[PDB]
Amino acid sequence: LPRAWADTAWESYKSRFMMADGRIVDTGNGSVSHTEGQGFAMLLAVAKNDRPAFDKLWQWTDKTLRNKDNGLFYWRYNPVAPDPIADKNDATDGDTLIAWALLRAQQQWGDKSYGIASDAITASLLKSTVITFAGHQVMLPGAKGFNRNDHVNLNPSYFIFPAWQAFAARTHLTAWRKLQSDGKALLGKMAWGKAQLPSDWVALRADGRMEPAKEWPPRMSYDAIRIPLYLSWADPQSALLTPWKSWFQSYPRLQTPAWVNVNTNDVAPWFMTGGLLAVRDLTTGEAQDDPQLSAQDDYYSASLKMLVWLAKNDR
């Protein structure tokens, strides 16, 4: 019944989630914004050759969320709070996506200020959020509060390899190359339960012992599911996709659990649809139609749809 041949996925996306001030708004959860959302929107905006949207999104991000102390970004903005940025700390996937977007901006429109801005974020990322723990280089989920004592709490879904690839190519720095290599090494050792899958949050101990972090439910759920998105995006024949192809293969396309507990092997009471399913089809190589965004899609699902589309597009 929906006859909207003249609408596009990207315009629908702007219509649903983009405020005129440059804000991406998660209308599902209290009209909040965040650097992941901004970063996501900026990549799409470049790929869609939408410079006014990119310029608006960036301008708002930089004016509103730039942490001048370290050059990163206060990660969440809550317009309906006395302090709309109570959490004065960054999320490194968000930082990454922004810098990555700016880089691709430079490539798309040649404006060198983009690359410059990008450069300064990635140097800030290197300065404040990358460290040596165990025998490896790691990027903490944030400059503050993730390095504990005997361990660090990591989120492997923050390991944005295709960005890192781009950082390494533009800057030529070895830091970005080793960060990929060590990240690919660690991730590979991050398998648990019958699934042998990554949890959203992982604790890495100085001895290199890794564990689904105590403080969150030990699930492959709303974060971890992004890993194969990033993996396939950076190398569709990546050997790290294997645990994921194996797991998807283990379920019927329309009855794949939305998440799995990797400690107890228990699974979610509902099945992947929309965005998550777009991720599955990406991992398994099952042909996907260009994203059609319906009202039945919430903020995350519509986003996954578009990102999966863009990961496909980079070939």
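Heads up: residue numbers just count along the shown sequence, starting at 1.
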Practice task
Look over 287-295 and 13-21 in the entry and identify the one with the greater average Cα temperature factor.
Solution key: 287-295
Completion exercise
Mean Cα B-factor check, 181-189 vs 94-102, entry values; winner is 181-189
Handout entry: C-alpha B-factor winner, where the candidates are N155, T171, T122, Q196
Key = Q196
Practice task
Sort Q165, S232, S118, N78 by C-alpha B-factor from the entry and give me just the highest.
Solution key: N78
Problem - Third of chain Cα B-factors occupied by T242 - result: middle
Completion exercise
Of the three thirds of the chain ranked by Cα temperature factor, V308 occupies the lowest
Fill in the blank from the handout: Chain thirds by Cα B factor, record data; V46 belongs to the middle
Practice task
Could you say whether, by C-alpha temperature factor, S31 belongs to the lowest, middle or highest third of its chain?
Solution key: highest
Fill in the blank from the handout: Of the three thirds of Cα B-factor ranks in this chain, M210 occupies the highest
